[PDB]
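Read the single chain below, which is given as structure tokens and is the form deposited in one PDB entry.
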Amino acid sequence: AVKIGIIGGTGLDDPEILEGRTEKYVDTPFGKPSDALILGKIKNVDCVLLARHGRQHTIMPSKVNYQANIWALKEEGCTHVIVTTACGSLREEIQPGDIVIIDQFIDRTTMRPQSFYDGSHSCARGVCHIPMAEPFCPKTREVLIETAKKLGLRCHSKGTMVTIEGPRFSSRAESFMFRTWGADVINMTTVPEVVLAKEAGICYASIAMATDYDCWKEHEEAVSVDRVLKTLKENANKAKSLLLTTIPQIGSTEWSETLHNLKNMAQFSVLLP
């Protein structure tokens, strides 16, 4: 039995992807999620959709309640979380409209709670030091990659996401610097979403859609909100088709040992008194 949480990003949070939709507002020990949970199905697979920024895109990336979002999806019974994120490209070969099935991150965030085990909640007791060597679910990523190929979509099979605090975009000196560090794409939302999913023992994967080349091409036009939203309007259908085609394959794969190993990794990461 699998149940797929879907966290929709900028321009990529369309509830019409699910059949048999029911709105459910929930609460958590960390406050309210970004919006109502949307319960529904893709073919025979139970899904839960959540708009990262609220359905009106009213919440700034620093202030998104990552804890409540992941807690809510876990509590509703999600075994997997697949998300979409709009991002800047830091590599010539990653063109606007390309999908990147990211496998690493570099944290540049500063103001964000990254753990459920913050001492303030009986629900999560102790100190948790979650391993981050392999932040994204390899098996889910493999299915996404194979499915993107079956769909004929321009897709990158790996990539390192640098997550900045925002809400400002990067300076050119920062953009250049992130490239030297080995970052391939840039956003404001992967961290700590990925970290909290791991603490929850959830199989997490991310569909990153490149929308611009940030500003590391001095000669070329720099990123702006209008440029990002334009690219997403033109390419959103690709992420939608990828999710729609991927999720039924996830539903027919065997997951008990993968989920058992995540559960164990999460459990043994906790130091108790």
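Shifts are known only where both forms have a C-alpha. Residue positions are given as counts along the sequence shown, with the first one as 1. So that the term is clear: the rigid core is the largest set of C-alpha atoms that superpose within 1.5 Å between two forms.
Omitted here: the form deposited in another entry. The next part is about that form.
- With a cut-off of 2 Å and the rigid core superposed, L18 has a Cα displacement that reaches or exceeds the cut-off between this form and the one not shown.
- Panel note: the distance between the CA atoms of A86 and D14 is larger in the other entry than in this form, the difference being 3 Å or more.
- Inter-residue distance, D13 to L196 (Cα): increased by at least 3 Å in the other entry versus the depicted form.
- The rigid-core fit between this form and the one not shown yields exactly one 3+ residue run with every Cα displaced by 2 Å or more: 9-20.
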